[PDB]
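Let me begin by presenting the structure, written as structure tokens, before commenting on it.
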Amino acid sequence: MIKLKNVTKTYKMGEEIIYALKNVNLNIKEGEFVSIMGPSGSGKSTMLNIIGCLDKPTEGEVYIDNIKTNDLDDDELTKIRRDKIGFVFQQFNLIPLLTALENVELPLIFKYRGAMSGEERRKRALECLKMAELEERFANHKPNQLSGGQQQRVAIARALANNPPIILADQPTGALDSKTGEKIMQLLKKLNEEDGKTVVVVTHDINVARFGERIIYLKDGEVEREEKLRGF
Amino acid sequence: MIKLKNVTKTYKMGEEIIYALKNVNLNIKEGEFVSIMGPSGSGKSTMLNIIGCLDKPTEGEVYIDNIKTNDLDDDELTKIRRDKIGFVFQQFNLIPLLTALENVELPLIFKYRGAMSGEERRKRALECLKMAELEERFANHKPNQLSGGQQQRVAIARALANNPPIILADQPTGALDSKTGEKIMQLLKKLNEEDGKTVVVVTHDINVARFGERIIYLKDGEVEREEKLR
Ligand SMILES: Nc1ncnc2c1ncn2[C@@H]1O[C@H](COP(=O)(O)OP(=O)(O)OP(=O)(O)O)[C@@H](O)[C@H]1O
Ligand SMILES: Nc1ncnc2c1ncn2[C@@H]1O[C@H](COP(=O)(O)OP(=O)(O)OP(=O)(O)O)[C@@H](O)[C@H]1O
Ligand code: NA
Ligand code: NA
């Protein structure tokens, strides 16, 4: 479902060439729940961004659902992202002037081909907010009228909106108390197991990582090692 | 050192009233290390913002270093924040066009004690980035050229810059791996014990909270309970 083939991501800082990722190889099967851990700065978000078609590798190849994405243009990558990917940003990236509900309705409307009635919109968006454990009374608040954890739940609800087959979550529980985070992880488990969604979670929380069937550890831009939490 | 007296913070949403904090009472002594925990939305940041003079209570009173902040004008409040408090934001709030180093230096330029030379300012700023465990090689990166955890460390270094007596950290380890977070907590322990700094940390991580002398738990805008540790 997701394949990174000899992926390198570099940045040129002055006269020095920096490696965010260096020759990484990764294959994630359809319906797999994979966790990604590693030191601050090890390359986790760069990896998730590349998998999410939000960034292109400097070298190497990327395949999402068998399609080589690394040579597609801006327009084309957008269609793939919208159809196949639900992305939970670490920084949330909510639109300031839209309410929590409107923020969730965005990717629903961008993906959906026809004309969706306001009633199906509100309804579906609400389902997403409920799955993301955010109380209905907060649906009307703008991002700046919400707490960090409430904002994180809006970010999670938005990733679910387009019912994408792939869910990429960058530290989805970072701003949540352990009880709320646990419900979020149970949601991801349910979508993965019952719905066959491919789930990839970047996290600094071992308890969160343990919901995966594999934990990939990065170190200095490279896959240092892997952990199989299931037999093979 | 910090006192919240019957503090309420309300928001008017339409015709509805929302109590971010409702009649909270809090007394933090000088040199105390206190942790604040509670469910998402319980009122932790509102509390820290009020203590940090970044927001005013709707009702109740606030005292910092024995000074009542309630009716101080904006310049008086800016003055208190600058001398008394080092604030680590949850969202970081770094200036996009300034490098990591420049972001840390900014507070030094507007510290109304005396006047630091350009060399002294830079040197103090590097010391702060080092205490915050950020490698020297990242000092020239702008916020957008840094990872989430690297940005968090710049935010922490900036809070340390004016060597304030009070440090307010809003989930200071949220974007850090446990190893780096542990060093940050060891730094706060060091500044608290060796330097007598008053430290208040809001966190969702119990391991982080356990560095405090006590842990204050919020629930629905109210202090639910307190738990002494040592
Ligand atoms: N401008 C506002 N208008 C309305 N409600 C607000 C506003 N700012 C904050 N709130 C509300 O006050 C309470 C929240 O915030 P605080 O920001 O104090 O939460 P926290 O306790 O810090 O939680 P989190 O762990 O989710 O960051 C929330 O329930 C939130 O919805
Ligand atoms: N635009 C950029 N220019 C230069 N270096 C960059 C840029 N974006 C990211 N990096 C670097 O690539 C590596 C980082 O990021 P990533 O953002 O992939 O880290 P992470 O592994 O997700 O870490 P964190 O836990 O801190 O979030 C870091 O060392 C970082 O400084
Ligand atoms: Na990151
Ligand atoms: Na908060």
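Looking at the header, which is where the method is noted, we find X-ray crystallography, 1.9 Å.
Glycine is no exception: its Cβ is also placed from the backbone N, Cα and C atoms.
Pulled from Swiss-Prot, these are the features on record:
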BINDING   B:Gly38, B:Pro39, B:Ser40, B:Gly41, B:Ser42, B:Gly43, B:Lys44, B:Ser45  ATP binding site
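Sequence features annotated in Swiss-Prot and their locations in the structure.
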residue	record	contacts (Cβ under 8 Å, 6+ apart)
B:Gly38	ATP binding site	B:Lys44, B:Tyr217, B:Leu218, B:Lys219, B:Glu224
B:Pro39	ATP binding site	B:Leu218, B:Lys219
B:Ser40	ATP binding site	B:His204
B:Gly41	ATP binding site	none
B:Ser42	ATP binding site	B:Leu218, B:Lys219, B:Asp220, B:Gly221
B:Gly43	ATP binding site	B:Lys9, B:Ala20, B:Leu21, B:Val24, B:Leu218, B:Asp220, B:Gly221, B:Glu222
B:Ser45	ATP binding site	B:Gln90, B:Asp170, B:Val202
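Among the binding-site residues B:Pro39, B:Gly41, B:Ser45, the ones whose Cβ sits under 6 Å from an atom of ligand 1 are, in sequence order, B:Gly41, B:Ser45.
B:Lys44 (ATP binding site) falls within a helical segment according to DSSP. For ligand 4, the binding-site residues lying close by, meaning a CB under 6 A from one of its atoms, are B:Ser45; the full candidate list was B:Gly38, B:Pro39, B:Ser40, B:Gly41, B:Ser45.
Of all Cβ atoms in the protein chains displayed, 28 besides its own lie within 10 Å of the Cβ of B:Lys44 (ATP binding site).
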